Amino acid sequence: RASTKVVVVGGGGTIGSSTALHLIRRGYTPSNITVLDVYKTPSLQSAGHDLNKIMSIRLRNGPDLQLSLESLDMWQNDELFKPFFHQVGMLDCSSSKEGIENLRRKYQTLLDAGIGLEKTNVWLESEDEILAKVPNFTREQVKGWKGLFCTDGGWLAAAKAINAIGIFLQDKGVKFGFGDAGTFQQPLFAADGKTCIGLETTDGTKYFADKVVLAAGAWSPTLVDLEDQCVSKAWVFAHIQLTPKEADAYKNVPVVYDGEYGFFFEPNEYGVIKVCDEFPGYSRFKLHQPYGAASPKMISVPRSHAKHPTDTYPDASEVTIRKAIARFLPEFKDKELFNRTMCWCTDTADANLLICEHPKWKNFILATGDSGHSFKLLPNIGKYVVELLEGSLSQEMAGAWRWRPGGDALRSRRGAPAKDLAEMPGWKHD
């Protein structure tokens, strides 16, 4: 272990940072760990390079529950992560007949687990209980709304937390490569052409290691052939600027989320509110040849805002973002938006992670399939990547995260197939 060399591709993003953090915590020697990314520090294009992410408990399968609970504990109690968890609660609400049904089911599932989640997860049946948790709302704004309130949840200062890990890693002596020195191009193989011995970057720099971890997020299926198990998709956000007076009225407000509208966060320290809508995501299919594919293939390739800073998002997303504002922040309907952005994740067909050794390449570990909801696992997801690397990962977890082509990841569990950027005008200003 003190002898084992590991390269983490995508080490500037969420799963890569966590993996590098846990390699150190488990006693790997820091000079033996190499972190590679296109972008330095917290990578500009990482899905974790954000003002804020939601912290909440999700319960779809067994792993989801264990991982959620452990991660919540570390956000609350881990010295490294504590400064970046804002435990302001999260309201999940609805007013549509079908949306309240989904919410009642969410509450029952928490109940049915029977391990105490209903203590910190409270049903809000009347507008007056909603207004007590969110005073900024008015009574007429919340007419007909029902809520499930997670007193345990809140939001995570995402980019700041990733930066904190990176500072820790640098202080311990981990090696880094960025730019074309850190841009993965292909694995390197022993004489057998199937045992991985390292990787090459686009400049020809060859890194040799016992294990290679591919934590390249939405770019993972573009870099190596995942047999179309993963479809990368974009979601959207924009920012609004509050006056100091308005910003004060919103301090410590809980995260508010409605699956038919979107969600928003309390102002950051500069008075900026991030607003998101909720929808099935955007694909951007384009001819590309991932390593290991026999031919160029039509696959969803992120259109990176870091690479194309004039990009915004589609006009259809301008409509739905302004609908979220009108529902949650009706007094701000005339505020101008800025920093319109597309942010990329990669869905699997069943919305579980893809964390496994590549079927044919020994010592090449995939660690992706984040499916748009894994940033909350920053403190602990790396623990299980290292467990897999070591051969100690539980069989139920390995099974849930295994190599498993065959499903429809374009629909995934979103209830509609992502629409493509080629059919959605308004985002490109080239």
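Start at 1 and count along the sequence shown; that's the residue number.
Look at the mean CA B-factor for 231-239 and for 170-178 in the entry; the higher one is 170-178. The PDB entry reports B-factors from which the mean C-alpha value can be compared for 276-284 and 129-137; the larger average falls on 129-137.
Set against one another, the Cα B-factors of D73, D347, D311, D225 in the record reach their highest point at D73. As recorded in the PDB entry, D152 shows the highest C-alpha B-factor of the residues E318, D152, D258, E336. Per the PDB record, residue ranking by Cα B-factor puts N52 in the lowest third of the chain. Per the deposited record, the Cα B-factor of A367 falls in the lowest third when ranked against the other modelled residues of its chain. The deposited CA B-factor of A249 belongs to the middle third of values across its chain. Annotation for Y28: CA B-factor lies in the highest third of the chain's modelled residues. Looking at the C-alpha B-factors along this chain, the one for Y107 belongs to the highest third.
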